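Report on one structure; see the data block that follows.
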Amino acid sequence: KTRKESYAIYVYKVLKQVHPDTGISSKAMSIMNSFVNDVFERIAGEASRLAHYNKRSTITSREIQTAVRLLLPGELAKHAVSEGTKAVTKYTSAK
Amino acid sequence: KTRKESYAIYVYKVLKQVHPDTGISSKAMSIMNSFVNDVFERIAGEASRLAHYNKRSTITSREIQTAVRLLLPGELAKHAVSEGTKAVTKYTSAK
Amino acid sequence: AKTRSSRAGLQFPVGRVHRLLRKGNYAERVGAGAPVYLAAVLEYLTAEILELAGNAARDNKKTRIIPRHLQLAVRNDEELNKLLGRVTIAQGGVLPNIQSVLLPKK
Amino acid sequence: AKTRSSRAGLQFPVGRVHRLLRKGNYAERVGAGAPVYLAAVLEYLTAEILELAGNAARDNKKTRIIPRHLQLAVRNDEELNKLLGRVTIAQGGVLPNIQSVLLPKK
Amino acid sequence: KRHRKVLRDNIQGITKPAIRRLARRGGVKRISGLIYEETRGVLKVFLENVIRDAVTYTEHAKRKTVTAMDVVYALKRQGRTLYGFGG
Amino acid sequence: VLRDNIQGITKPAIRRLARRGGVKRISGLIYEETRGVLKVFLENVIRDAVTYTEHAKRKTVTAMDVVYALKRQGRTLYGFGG
Amino acid sequence: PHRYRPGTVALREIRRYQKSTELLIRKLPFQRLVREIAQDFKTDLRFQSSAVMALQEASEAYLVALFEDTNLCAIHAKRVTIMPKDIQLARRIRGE
Amino acid sequence: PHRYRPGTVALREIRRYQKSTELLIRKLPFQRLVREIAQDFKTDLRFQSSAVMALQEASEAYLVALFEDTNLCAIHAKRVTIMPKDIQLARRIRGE
DNA sequence: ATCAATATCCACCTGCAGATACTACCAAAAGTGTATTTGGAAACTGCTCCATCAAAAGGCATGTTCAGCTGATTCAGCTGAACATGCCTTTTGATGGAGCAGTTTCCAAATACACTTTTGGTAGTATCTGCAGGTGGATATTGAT
DNA sequence: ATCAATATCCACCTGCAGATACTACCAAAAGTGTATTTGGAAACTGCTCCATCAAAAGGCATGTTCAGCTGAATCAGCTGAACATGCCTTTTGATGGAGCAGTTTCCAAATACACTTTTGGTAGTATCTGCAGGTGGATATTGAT
Ligand SMILES: [Mg+2]
C-alpha cells in the first residue's frame with residue numbers, strides 16, 4: 001500500500017512559526033511540495049556538476065553553499081547562506 | 001604533464017571516412033570536441049533521469065535510446081536509433 | 001537519541017535530506033554538513049514564501065492560503081519571481097495588470 | 001585482444017564512453033550495450049556534421065574545415081540547428097540574411 | 001471490447017469564447033478575427049510536443065496509461081515546469 | 001583624456017555588431033542602451049565564473065570557469081574546452 | 001435599451017479574468033483534443049485525469065503568457081488589436 | 001565629387017560583416033571592461049587570455065543576435081531604424 | 001539614355017602560420033579472467049481508478065448593427081548616413097615572476113555494517129470550520145442628452 | 001450639468017467538503033556505536049603563461065551636409081465588439097473491470113579485484129602546405145546628368 005513521502009509536516013511547522021493563525025489548502029501544499037523538491041534538485045544538481053568540475057568526489061556543505069550562490073538571486077542567497085552556515089556551526093557544536 | 005583527453009583522434013578518423021581529402025583546423029576540432037561532450041552530457045543526463053523516474057539502478061541501451069528520442073529532432077533521432085541498435089547487434093553477434 | 005534536525009536547529013528533516021542526496025547519485029560521497037546546510041536553505045525558502053503568501057491571504061481577507069496566494073506572493077517579489085521564472089503554479093492565475101494605452105479617455 | 005569499438009563496428013571509443021558513464025554518477029550501474037549505443041550515436045552525429053561542413057568547405061574553394069564551415073553547416077540544417085539552438089560556435093559568424101524591406105527599390 | 005468512436009477535429013472545441021477569455025486573462029482588449037485559428041494552431045503544436053514527450057515516458061515504462069508524472073516530467077524537459085501535480 | 005571603460009566600447013564597433021545582425025539604420029540613443037545591456041550580460045556571466053574561481057580557490061579566472069558559467073546561463077559556448 | 005461602447009465590456013472581462021484562477025477552456029473538449037493528439041502518436045492509450053488536468057493547466061498558462069507578449073507586440077506597433085503577426089513575432093523572439 | 005546614398009554603405013557593411021567572423025570590438029577596451037566589472041566581485045584577479053576570449057565571443061554572439069530580434073521589432077512597427085524601445089521589447093519577450 | 005567614380009571580381013604569386021608527421025616513451029587506461037553480488041523480468045493477483053454511461057445544468061453559435069480602429073495618404077522637420085579632416089589608442093612582441101598544477105603525506109572524515117529506537121505515514125472513525133455561493137441593500141460607473 | 005440602466009460593493013447568512021483531529025499500528029527510516037578505508041588538505045616546487053611595458057601599427061573622433069525617414073494629422077472604409085436570440089453540450093455522480101502496482105523467485109548480468117596488454121597523449125624534432133593577403137585588369141554598380 002506503498003507510502004508516499006512529502007515535506008508537508010515540515011512545511012506546516014514552518015507555516016505556524018510565521019503565521020500562527022493561518023492555514024494551508026491541500027492544493028497549496030502540493031505546490032509547496034513541488035517547490036521544495038524543485039529547489040532541492042536544482043541545488044543538488046549544481047553541486048553535482050561543481051564537484052565533477054573540480055574532480056572532487058564528495059559533496060560537502062562547501063559545495064552546497066556555492067550552488068546556492070549560483071542558483072539564487074542576491075538577497076535570498078545572502079540570507080540562505082546565513083541560515084546554512086549557522087545550522088552547520090550549530091550541528092558541529094554537538095561535539 | 002597531465003594527460004589532457006579529447007575525442008579529437010576519433011573525430012579525425014570519421015572526417016577521413018566521410019571526406020578523405022578534407023582536413024580540419026584546431027579551433028574547428030575544439031568545437032567538435034565541445035560538441036561531442038555536450039551531446040554526451042545531454043543524453044547521459046536524460047538517461048539518468050529516466051532510470052530514476054522508473055526506480056532503476058541501471059542505465060541500459062534502452063535508457064539511451066529513449067534518451068535519444070527525447071533529445072533529437074525527428075530524422076536525426078531516427079538515424080541515430082538505427083545506428084545505435086545496429087552497433088549493439090554487431091557487438092553481441094561477435095564473440 | 002537526538003535527531004540531527006534538533007542538533008542543527010531545524011524543523012526540516014536532515015536524515016531524509018541525507019538519504020535523498022545519496023539516492024540521487026549526485027556524487028560518490030556525501031559530506032555530513034551537506035544535508036544540514038541544504039535542509040536549512042530549504043527551510044529558509046519555504047519560510048520566505050509562506051511569509052509572503054500568508055500576507056496575500058491576509059490582504060484578501062482569508063485565513064487559508066491557496067495557490068493564488070502563492071502566485072501573488074511569488075510574482076510580486078522580484079527575487080522569488082526570478083527564481084521561479086520558468087515555473088508554473090497550477091491554479092495561480094496572473095497578476096492584475098492592464099497596459100496604459102488600453103485604458104479609456106484622457 | 002579485440003577492442004569493443006572494433007567488435008561494434010565503430011571508430012568511437014566504447015571503453016572510454018563506458019568509463020565516462022561510470023564516473024559521471026548518472027546511475028549506480030551501467031549495462032554493456034549502453035556504451036556501444038551511445039558511442040554509435042555520437043559517431044553518427046559527428047559524421048552528419050562533418051559531412052555537411054566538408055561540403056561547406058568545398059562550396060567555398062576550401063580543403064581545410066574551419067569554425068565558419070561548422071556554423072554554416074549547422075544553421076543551414078533545420079535539425080542540427082534545432083539541436084544546437086542554444087549553442088554558440090565560437091568564430092562562426094552568421095548566415096547572410098537581410099530583411100527584404102531593407103532592400104533598395106529596383 | 002466494442003470499439004471506441006472516431007476522433008476528429010476536436011481542435012474546434014477550443015471555442016472562440018474560450019480563447020477570448022484566455023486573451024482577457026492575458027490583458028487583451030481587442031482581437032483580430034484571424035487570431036482564433038492562429039491560436040488553435042499554436043496550441044496544437046504546444047500539445048503535440050508535450051504529449052510526444054509524455055507518451056515517450058509512458059512507453060518507456062511499458063505502461064498503457066499516461067500519468068500525471070509523465071506529463072510533469074515532459075513539461076520539465078520542455079522548460080515549462082509545473083507545480084501542483086507531483087513536482 | 002580620462003575615459004570611462006564602458007565607453008571603450010565605441011560607436012563604430014557597436015555599429016559593426018548591428019551590421020552583422022542585419023541592421024541598416026540606427027538611432028543615436030542605441031549606443032548607450034547597447035552598453036547598458038552588455039554590462040548586464042557581463043555582470044551576470046562574470047559573477048558566476050568568478051564564483052567558480054573562488055570555489056576552486058584560484059586567483060585566476062579560467063576559460064572553464066567562463067564556459068561553465070555560460071552554460072548555466074543558457075549560453076553554451078563551443079571552442080574553449082569542456 | 002442601454003449599450004456599452006466598444007471596449008468597455010472587454011475591460012470588464014479583463015478585470016474579471018485576471019482576478020480569478022479557474023480554467024477557461026471547457027474541460028471535456030480539451031480532454032478530447034488531448035486524446036485525439038495522443039492517439040495519433042500511439043493507440044490504446046489511457047490517461048489519469050490528473051494528467052489531463054496537468055496538461056490543461058500548463059496549456060492555459062502558456063497561452064495566457066503568449067497573449068501578454070502578443071499584446072506587447074501590437075502595442076509596439078501602435079495598435080490595440082492583436083493580430084497573427086503579433087503572435088508570430090512573439091514566438092520568433094521567444095525562440096519558438 | 002561623388003557621394004553614396006544613405007543606406008548604400010549600410011548595406012555594403014551588412015554584406016561584408018555577415019560574410020566574416022572576426023570579432024568586432026577592440027580587444028583591449030574589452031579587457032578593461034571585464035576586469036572593471038569583475039573587480040566588484042573579487043579583487044586582485046588574473047584571467048586566462050582564453051577566458052577573456054570566451055567572454056568576447058559570447059558577448060558578440062549575444063549582441064549580434066539581439067540586434068536581429070531588435071531589427072525584427074523595428075520592422076514590426078513599420079520602421080527601418082532600430083530604437084531603444086525595440087531592444088527593450090526584445091529583451092522583455094526573451095524573458096530578460 | 002551617357003558617363004565616370006568606385007566597388008567588386010577573378011587569376012596568378014608566395015611565405016609562413018598552422019598543420020601534418022615523426023618517434024619514443026611511458027603511465028594510465030583498456031582488456032582479460034576469476035570470484036562475488038544483486039537488479040529487475042516473470043509469474044501471480046490485490047485493489048485503485050479509468051472508461052463508460054444516465055441524471056442535472058449555463059455556455060455557445062449566429063446574425064444584426066454601428067462605433068471607432070486600422071491603415072492609407074500626405075507632408076515637414078530633424079536626425080541619422082556619409083565623408084572630409086585631424087587626433088590618438090590599440091596591437092604586437094619581449095621579458096621577469098605569480099600562481100597554478102604536480103606530487104607526496106597522513107588523518108579527519110568518509111563508508112561499511114548490525115542492531116535498537118524512533119518516526120511519518122496510513123487507515124479508520126472521529127467531529128470540526130472557512131468560505132463560496134447565496135442573499136439584499138447602499139453606492140459607483142457608464143453613456144445618452 | 002442631469003438622469004437612469006446596470007455593474008459593483010460589501011456585508012452578513014446557511015451547507016457542506018475540505019480541513020483538522022484522533023487512536024491504533026508498523027515498516028522503514030533514522031539514530032547509535034562499533035570496525036575500516038581514504039579523499040583531499042596541507043606544504044613544498046617547478047614552469048607555464050599572465051601582467052607589464054615599449055615599439056610599431058590605423059582606426060576612431062569630430063564637423064559639415066542634406067537625403068530620406070519618422071511621426072503627425074487627416075480620413076474613410078470596414079473589422080470587430082456588443083447583444084439578442086435559440087439550441088444543446090458539458091459537468092457531475094454512480095458501477096464493472098483493465099492495468100498497475102505490490103508481492104516473491106532467481107539467474108543473467110552486473111560489480112569487484114587482480115593481472116596482462118595497449119594505446120593515446122606528449123614532447124622533441126623535423127617536415128610540410130593551404131591559403132591569406134598581396135597583384136593587376138576586367139567588369140559590375142551606383143549615382144549624377
Ligand atoms: Mg487520429
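Each chain of the C-alpha cells is named A, B, ... in the order shown, its residues numbered from 1; ligands are numbered from 1 in display order.
Running DSSP on the backbone and keeping only strand (DSSP E or B), the residues of chain F that qualify are residues 25, 26, 60, 61, 76, 77 and 78 of chain F.
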Would you output that residue set with N, CA and C atoms, as a PDB file, in the first residue's frame?
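Dumped everything to again_27.pdb:
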ATOM      1  N   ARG F  25      19.763  50.928 -40.310  1.00  0.00           N
ATOM      2  CA  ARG F  25      19.693  52.283 -39.768  1.00  0.00           C
ATOM      3  C   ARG F  25      19.507  52.307 -38.267  1.00  0.00           C
ATOM      4  N   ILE F  26      20.242  53.184 -37.595  1.00  0.00           N
ATOM      5  CA  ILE F  26      20.442  53.100 -36.153  1.00  0.00           C
ATOM      6  C   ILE F  26      20.262  54.442 -35.429  1.00  0.00           C
ATOM      7  N   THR F  60      42.969  33.209 -10.490  1.00  0.00           N
ATOM      8  CA  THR F  60      42.918  33.305 -11.937  1.00  0.00           C
ATOM      9  C   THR F  60      41.586  32.737 -12.440  1.00  0.00           C
ATOM     10  N   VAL F  61      40.837  33.552 -13.180  1.00  0.00           N
ATOM     11  CA  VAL F  61      39.597  33.085 -13.797  1.00  0.00           C
ATOM     12  C   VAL F  61      39.966  32.314 -15.037  1.00  0.00           C
ATOM     13  N   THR F  76      25.465  28.178 -23.949  1.00  0.00           N
ATOM     14  CA  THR F  76      26.566  27.230 -24.124  1.00  0.00           C
ATOM     15  C   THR F  76      27.452  27.711 -25.207  1.00  0.00           C
ATOM     16  N   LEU F  77      28.753  27.771 -24.928  1.00  0.00           N
ATOM     17  CA  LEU F  77      29.739  28.186 -25.932  1.00  0.00           C
ATOM     18  C   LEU F  77      30.638  27.045 -26.256  1.00  0.00           C
ATOM     19  N   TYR F  78      30.977  26.884 -27.532  1.00  0.00           N
ATOM     20  CA  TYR F  78      31.846  25.787 -28.002  1.00  0.00           C
ATOM     21  C   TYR F  78      33.169  26.333 -28.489  1.00  0.00           C
TER      22      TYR F  78
END
Inset, instruction - Using only C-alpha atoms (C1' of nucleotides) and all ligand atoms, find each residue with an atom at most 7 Å away from ligand 1 and format the answer as number ranges by chain. - result: E: 7-8; G: 36-37, 39-40
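Remark: chain H fitted onto chain G over every Cα atom in order; resulting RMSD 0.3 Å.
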Rotate and translate chain A onto chain B via least squares on all in-order Cα pairs, then write the result as a PDB file with C-alpha atoms, in the first residue's frame.
ATOM      1  CA  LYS A   1      52.443  16.886 -16.831  1.00  0.00           C
ATOM      2  CA  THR A   2      48.866  15.775 -16.815  1.00  0.00           C
ATOM      3  CA  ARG A   3      47.252  14.411 -19.887  1.00  0.00           C
ATOM      4  CA  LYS A   4      44.198  15.979 -21.429  1.00  0.00           C
ATOM      5  CA  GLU A   5      41.868  13.645 -23.208  1.00  0.00           C
ATOM      6  CA  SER A   6      39.856  14.438 -26.320  1.00  0.00           C
ATOM      7  CA  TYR A   7      37.847  12.884 -29.147  1.00  0.00           C
ATOM      8  CA  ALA A   8      40.122  14.429 -31.820  1.00  0.00           C
ATOM      9  CA  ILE A   9      41.558  11.229 -33.376  1.00  0.00           C
ATOM     10  CA  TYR A  10      38.092   9.711 -33.648  1.00  0.00           C
ATOM     11  CA  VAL A  11      36.709  12.881 -35.089  1.00  0.00           C
ATOM     12  CA  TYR A  12      39.505  12.828 -37.549  1.00  0.00           C
ATOM     13  CA  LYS A  13      38.961   9.189 -38.538  1.00  0.00           C
ATOM     14  CA  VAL A  14      35.382  10.033 -39.259  1.00  0.00           C
ATOM     15  CA  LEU A  15      36.309  13.162 -41.111  1.00  0.00           C
ATOM     16  CA  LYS A  16      38.334  11.008 -43.485  1.00  0.00           C
ATOM     17  CA  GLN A  17      35.547   8.620 -44.048  1.00  0.00           C
ATOM     18  CA  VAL A  18      33.165  11.391 -45.262  1.00  0.00           C
ATOM     19  CA  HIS A  19      35.545  13.906 -46.846  1.00  0.00           C
ATOM     20  CA  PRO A  20      38.886  12.207 -47.632  1.00  0.00           C
ATOM     21  CA  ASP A  21      40.640  15.265 -48.994  1.00  0.00           C
ATOM     22  CA  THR A  22      39.415  17.606 -46.284  1.00  0.00           C
ATOM     23  CA  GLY A  23      41.207  18.865 -43.195  1.00  0.00           C
ATOM     24  CA  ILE A  24      40.155  20.477 -39.986  1.00  0.00           C
ATOM     25  CA  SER A  25      41.634  23.446 -38.045  1.00  0.00           C
ATOM     26  CA  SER A  26      42.495  23.102 -34.346  1.00  0.00           C
ATOM     27  CA  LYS A  27      39.880  25.664 -33.464  1.00  0.00           C
ATOM     28  CA  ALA A  28      37.358  23.756 -35.520  1.00  0.00           C
ATOM     29  CA  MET A  29      38.403  20.612 -33.713  1.00  0.00           C
ATOM     30  CA  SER A  30      38.021  22.150 -30.262  1.00  0.00           C
ATOM     31  CA  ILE A  31      34.496  22.881 -31.235  1.00  0.00           C
ATOM     32  CA  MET A  32      33.892  19.372 -32.432  1.00  0.00           C
ATOM     33  CA  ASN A  33      35.270  18.338 -29.118  1.00  0.00           C
ATOM     34  CA  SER A  34      32.808  20.634 -27.313  1.00  0.00           C
ATOM     35  CA  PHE A  35      30.046  19.236 -29.398  1.00  0.00           C
ATOM     36  CA  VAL A  36      30.691  15.655 -28.490  1.00  0.00           C
ATOM     37  CA  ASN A  37      31.032  16.280 -24.793  1.00  0.00           C
ATOM     38  CA  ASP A  38      27.941  18.339 -24.917  1.00  0.00           C
ATOM     39  CA  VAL A  39      25.715  15.751 -26.481  1.00  0.00           C
ATOM     40  CA  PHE A  40      27.251  13.055 -24.325  1.00  0.00           C
ATOM     41  CA  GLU A  41      26.204  14.939 -21.175  1.00  0.00           C
ATOM     42  CA  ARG A  42      22.785  15.761 -22.399  1.00  0.00           C
ATOM     43  CA  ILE A  43      21.913  12.145 -23.343  1.00  0.00           C
ATOM     44  CA  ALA A  44      23.564  10.651 -20.300  1.00  0.00           C
ATOM     45  CA  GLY A  45      21.596  13.153 -18.222  1.00  0.00           C
ATOM     46  CA  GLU A  46      18.312  12.306 -19.831  1.00  0.00           C
ATOM     47  CA  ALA A  47      19.001   8.650 -19.224  1.00  0.00           C
ATOM     48  CA  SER A  48      20.030   9.326 -15.678  1.00  0.00           C
ATOM     49  CA  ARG A  49      16.669  10.985 -14.981  1.00  0.00           C
ATOM     50  CA  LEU A  50      14.773   8.372 -16.950  1.00  0.00           C
ATOM     51  CA  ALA A  51      16.202   5.522 -14.849  1.00  0.00           C
ATOM     52  CA  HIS A  52      15.520   7.370 -11.615  1.00  0.00           C
ATOM     53  CA  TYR A  53      11.989   8.088 -12.796  1.00  0.00           C
ATOM     54  CA  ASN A  54      11.405   4.339 -13.224  1.00  0.00           C
ATOM     55  CA  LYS A  55      13.298   3.307 -10.069  1.00  0.00           C
ATOM     56  CA  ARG A  56      15.899   1.486 -12.162  1.00  0.00           C
ATOM     57  CA  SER A  57      19.479   1.595 -10.980  1.00  0.00           C
ATOM     58  CA  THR A  58      21.071   0.375 -14.205  1.00  0.00           C
ATOM     59  CA  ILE A  59      21.508   2.523 -17.356  1.00  0.00           C
ATOM     60  CA  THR A  60      21.257   0.256 -20.416  1.00  0.00           C
ATOM     61  CA  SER A  61      21.081   0.678 -24.162  1.00  0.00           C
ATOM     62  CA  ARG A  62      17.332   0.846 -23.739  1.00  0.00           C
ATOM     63  CA  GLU A  63      17.727   3.999 -21.583  1.00  0.00           C
ATOM     64  CA  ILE A  64      20.187   5.531 -24.015  1.00  0.00           C
ATOM     65  CA  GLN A  65      17.830   4.872 -26.846  1.00  0.00           C
ATOM     66  CA  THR A  66      14.927   6.593 -25.233  1.00  0.00           C
ATOM     67  CA  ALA A  67      17.152   9.507 -24.195  1.00  0.00           C
ATOM     68  CA  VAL A  68      17.981   9.863 -27.826  1.00  0.00           C
ATOM     69  CA  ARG A  69      14.334   9.916 -28.896  1.00  0.00           C
ATOM     70  CA  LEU A  70      13.709  12.609 -26.277  1.00  0.00           C
ATOM     71  CA  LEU A  71      16.671  14.764 -27.052  1.00  0.00           C
ATOM     72  CA  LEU A  72      17.076  14.670 -30.813  1.00  0.00           C
ATOM     73  CA  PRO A  73      14.672  15.904 -33.462  1.00  0.00           C
ATOM     74  CA  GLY A  74      12.850  13.579 -35.834  1.00  0.00           C
ATOM     75  CA  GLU A  75      15.184  12.549 -38.584  1.00  0.00           C
ATOM     76  CA  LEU A  76      18.412  12.611 -36.555  1.00  0.00           C
ATOM     77  CA  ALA A  77      16.868  10.481 -33.898  1.00  0.00           C
ATOM     78  CA  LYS A  78      15.685   7.905 -36.457  1.00  0.00           C
ATOM     79  CA  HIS A  79      19.110   7.652 -37.984  1.00  0.00           C
ATOM     80  CA  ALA A  80      20.869   7.697 -34.615  1.00  0.00           C
ATOM     81  CA  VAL A  81      18.704   4.843 -33.360  1.00  0.00           C
ATOM     82  CA  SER A  82      19.578   2.698 -36.413  1.00  0.00           C
ATOM     83  CA  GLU A  83      23.227   3.136 -35.796  1.00  0.00           C
ATOM     84  CA  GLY A  84      22.889   2.409 -32.101  1.00  0.00           C
ATOM     85  CA  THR A  85      20.701  -0.640 -32.598  1.00  0.00           C
ATOM     86  CA  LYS A  86      23.024  -2.023 -35.179  1.00  0.00           C
ATOM     87  CA  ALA A  87      26.239  -1.373 -33.295  1.00  0.00           C
ATOM     88  CA  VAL A  88      24.728  -3.286 -30.403  1.00  0.00           C
ATOM     89  CA  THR A  89      23.336  -6.182 -32.406  1.00  0.00           C
ATOM     90  CA  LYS A  90      26.841  -6.438 -33.905  1.00  0.00           C
ATOM     91  CA  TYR A  91      28.689  -6.233 -30.590  1.00  0.00           C
ATOM     92  CA  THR A  92      26.354  -8.850 -29.101  1.00  0.00           C
ATOM     93  CA  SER A  93      27.125 -11.014 -32.139  1.00  0.00           C
ATOM     94  CA  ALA A  94      30.698 -11.396 -30.806  1.00  0.00           C
ATOM     95  CA  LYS A  95      29.340 -14.222 -28.612  1.00  0.00           C
TER      96      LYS A  95
END
Distance table requested - chain H against chain F, cut-off 8 Å, only C-alpha atoms: one row per qualifying residue with the closest atom pair and its distance in Å to one decimal, ordered by chain and rising residue number, as a Markdown table.
| residue | atom | partner | partner_atom | distance |
| --- | --- | --- | --- | --- |
| H:7 | CA | F:24 | CA | 6.5 |
| H:10 | CA | F:24 | CA | 5.3 |
| H:11 | CA | F:24 | CA | 6.4 |
| H:13 | CA | F:19 | CA | 6.3 |
| H:14 | CA | F:19 | CA | 4.7 |
| H:15 | CA | F:20 | CA | 8.0 |
| H:17 | CA | F:20 | CA | 5.1 |
| H:18 | CA | F:20 | CA | 5.0 |
| H:24 | CA | F:13 | CA | 5.8 |
| H:25 | CA | F:13 | CA | 5.4 |
| H:26 | CA | F:13 | CA | 7.9 |
| H:29 | CA | F:8 | CA | 5.0 |
| H:30 | CA | F:9 | CA | 7.1 |
| H:32 | CA | F:5 | CA | 6.5 |
| H:33 | CA | F:5 | CA | 5.5 |
| H:34 | CA | F:42 | CA | 7.3 |
| H:36 | CA | F:5 | CA | 7.6 |
| H:37 | CA | F:43 | CA | 6.6 |
| H:38 | CA | F:46 | CA | 6.3 |
| H:41 | CA | F:47 | CA | 6.6 |
| H:42 | CA | F:50 | CA | 7.7 |
| H:44 | CA | F:59 | CA | 7.2 |
| H:45 | CA | F:59 | CA | 5.4 |
| H:46 | CA | F:60 | CA | 4.5 |
| H:47 | CA | F:61 | CA | 4.6 |
| H:48 | CA | F:62 | CA | 5.4 |
| H:50 | CA | F:63 | CA | 5.7 |
| H:51 | CA | F:63 | CA | 3.7 |
| H:52 | CA | F:63 | CA | 7.5 |
| H:54 | CA | F:80 | CA | 6.7 |
| H:55 | CA | F:66 | CA | 7.0 |
| H:58 | CA | F:77 | CA | 7.0 |
| H:59 | CA | F:38 | CA | 7.2 |
| H:60 | CA | F:17 | CA | 7.2 |
| H:63 | CA | F:17 | CA | 7.0 |
| H:64 | CA | F:21 | CA | 4.9 |
| H:65 | CA | F:21 | CA | 6.2 |
| H:66 | CA | F:21 | CA | 7.8 |
| H:67 | CA | F:21 | CA | 5.2 |
| H:68 | CA | F:21 | CA | 4.9 |
| H:71 | CA | F:23 | CA | 6.3 |
| H:80 | CA | F:25 | CA | 6.3 |
| H:81 | CA | F:25 | CA | 4.6 |
| H:82 | CA | F:26 | CA | 5.1 |
| H:83 | CA | F:27 | CA | 5.6 |
| H:84 | CA | F:30 | CA | 5.8 |
Output as a short mmCIF file (atom, residue, chain, number, x, y, z; two decimals) with N, CA, C and O atoms, in the first residue's frame the set of chain D residues within 8 Å of chain F, with distances taken over only C-alpha atoms.
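Contents of iface30.cif, as written:
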data_model
loop_
_atom_site.label_atom_id
_atom_site.label_comp_id
_atom_site.auth_asym_id
_atom_site.auth_seq_id
_atom_site.Cartn_x
_atom_site.Cartn_y
_atom_site.Cartn_z
N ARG D 86 20.72 26.56 -28.76
CA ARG D 86 21.14 27.35 -27.59
C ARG D 86 22.65 27.27 -27.33
O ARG D 86 23.14 27.39 -26.21
N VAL D 87 23.35 27.16 -28.45
CA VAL D 87 24.77 26.93 -28.52
C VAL D 87 25.36 27.89 -29.48
O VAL D 87 24.80 28.16 -30.53
N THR D 88 26.56 28.33 -29.14
CA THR D 88 27.28 29.34 -29.89
C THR D 88 28.59 28.73 -30.24
O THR D 88 29.33 28.29 -29.37
N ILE D 89 28.86 28.70 -31.53
CA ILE D 89 30.07 28.16 -32.06
C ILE D 89 31.01 29.32 -32.17
O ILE D 89 30.76 30.22 -32.94
N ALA D 90 32.09 29.31 -31.41
CA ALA D 90 33.00 30.44 -31.45
C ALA D 90 33.54 30.60 -32.86
O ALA D 90 33.79 29.62 -33.57
N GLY D 93 30.50 33.40 -37.06
CA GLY D 93 29.65 34.43 -37.61
C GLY D 93 28.18 34.01 -37.77
O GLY D 93 27.63 33.22 -36.99
N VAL D 94 27.55 34.54 -38.81
CA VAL D 94 26.17 34.31 -39.09
C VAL D 94 25.87 34.10 -40.57
O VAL D 94 26.70 34.32 -41.42
N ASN D 97 21.90 37.08 -44.39
CA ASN D 97 20.49 37.28 -44.44
C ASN D 97 20.21 38.74 -44.21
O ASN D 97 20.75 39.32 -43.27
N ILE D 98 19.39 39.30 -45.09
CA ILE D 98 18.96 40.69 -44.99
C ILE D 98 17.46 40.76 -45.16
O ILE D 98 16.89 40.22 -46.11
N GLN D 99 16.81 41.44 -44.24
CA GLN D 99 15.37 41.57 -44.30
C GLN D 99 14.95 42.29 -45.57
O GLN D 99 15.51 43.34 -45.91
N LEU D 102 14.46 45.99 -46.21
CA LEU D 102 15.67 46.81 -46.19
C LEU D 102 16.39 46.92 -47.52
O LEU D 102 17.40 47.61 -47.60
#
Inset, instruction - Counting only C-alpha atoms (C1' of nucleotides), collect the residues of chain I whose closest atom lies at most 12 Å from chain G, and write them out as a list in words. - result: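 Residues satisfying the distance criterion: residues 48, 49, 50, 51, 59, 60, 65, 66, 67, 68, 69, 70, 71, 141, 142, 143 and 144 of chain I.
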Inset, instruction - Do a neighbour search on region 85-93 of chain G at 9 Å with only C-alpha atoms (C1' of nucleotides), toss out local chain neighbours closer than 4 positions, and write the hits as number ranges by chain. - result: E: 35, 38-39; G: 66-67, 69-74, 77; H: 69, 72-73, 76, 90-91, 93-94
Inset, instruction - List the neighbours of residue 132 (chain I) out to 12 Å using only C-alpha atoms (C1' of nucleotides); skip same-chain residues closer than 5 positions along the sequence, and give me the result as an MDAnalysis selection string. - result: chainID J and resid 13:17
Give me, as CSV, the closest atom pair and its distance (Å, one decimal) for every residue of chain I within a cut-off of 12 Å of chain F, counting only C-alpha atoms (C1' of nucleotides), rows sorted by chain and rising number.
residue,atom,partner,partner_atom,distance
I:79,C1',F:27,CA,8.2
I:80,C1',F:27,CA,6.8
I:81,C1',F:25,CA,8.3
I:87,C1',F:1,CA,11.5
I:88,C1',F:1,CA,9.8
I:89,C1',F:8,CA,10.0
I:90,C1',F:8,CA,11.0
I:98,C1',F:59,CA,9.9
I:99,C1',F:59,CA,7.7
I:100,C1',F:58,CA,8.0
I:101,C1',F:58,CA,11.2
Inset, instruction - Kindly provide, as a list in words, the residues of chain J having any atom no farther than 12 Å from an atom of chain C, counting only C-alpha atoms (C1' of nucleotides). - result: residues 18, 19, 28, 29, 30, 31, 32, 38 and 39 of chain J
Inset, instruction - Could you give me the residues within region 44-77 of chain G that DSSP places in helix (DSSP H, G or I), as number ranges by chain? - result: G: 49-76
Go ahead and write the residues just picked, C-alpha atoms, as a tab-separated table (two decimals), in the first residue's frame.
chain	number	residue	atom	x	y	z
G	49	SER	CA	-7.45	12.51	-15.03
G	50	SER	CA	-4.81	14.49	-13.18
G	51	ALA	CA	-2.63	14.08	-16.30
G	52	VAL	CA	-5.22	15.84	-18.43
G	53	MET	CA	-5.62	18.50	-15.77
G	54	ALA	CA	-1.85	18.97	-15.78
G	55	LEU	CA	-1.83	19.45	-19.49
G	56	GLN	CA	-4.68	21.95	-19.27
G	57	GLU	CA	-3.09	24.00	-16.51
G	58	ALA	CA	0.19	24.06	-18.49
G	59	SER	CA	-1.56	24.87	-21.72
G	60	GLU	CA	-3.70	27.66	-20.36
G	61	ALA	CA	-0.74	29.27	-18.58
G	62	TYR	CA	1.34	29.10	-21.77
G	63	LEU	CA	-1.31	30.71	-23.86
G	64	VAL	CA	-2.11	33.42	-21.39
G	65	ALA	CA	1.53	34.41	-21.21
G	66	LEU	CA	1.72	34.26	-25.00
G	67	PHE	CA	-1.10	36.76	-25.28
G	68	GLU	CA	0.69	39.10	-22.85
G	69	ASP	CA	3.67	39.10	-25.11
G	70	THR	CA	1.42	39.26	-28.14
G	71	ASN	CA	-0.36	42.31	-26.70
G	72	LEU	CA	3.00	43.98	-26.22
G	73	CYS	CA	3.84	43.36	-29.87
G	74	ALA	CA	0.55	45.03	-31.00
G	75	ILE	CA	1.06	47.94	-28.67
G	76	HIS	CA	4.63	48.34	-30.01
Inset, instruction - Pick out the residues sitting within 12 Å of residue 57 (chain C), and hand them over as a PyMOL selection string; count only C-alpha atoms (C1' of nucleotides), and ignore anything fewer than 2 positions along from it in its own chain. - result: (chain A and resi 19+21-25+28) or (chain C and resi 50-55+59-73)
Inset, instruction - Skip residue 97 (chain I) itself and residues of its chain fewer than 6 positions away, then list as a PyMOL selection string all residues within 12 Å of it, counting only C-alpha atoms (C1' of nucleotides). - result: chain J and resi 47-52
Would you give me, as CSV, each residue of chain J having an atom within 12 Å of an atom of chain B, along with its shortest atom pair and that distance in Å to one decimal, using only C-alpha atoms (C1' of nucleotides) and sorting by chain and residue number?
residue,atom,partner,partner_atom,distance
J:46,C1',B:1,CA,11.7
J:47,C1',B:1,CA,11.0
J:48,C1',B:1,CA,11.4
J:109,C1',B:58,CA,11.1
J:110,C1',B:58,CA,9.2
J:111,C1',B:58,CA,11.9
J:119,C1',B:9,CA,11.8
J:120,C1',B:5,CA,8.5
J:121,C1',B:3,CA,6.1
J:122,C1',B:1,CA,7.7
J:123,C1',B:1,CA,9.9
J:129,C1',B:23,CA,11.9
J:130,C1',B:23,CA,10.1
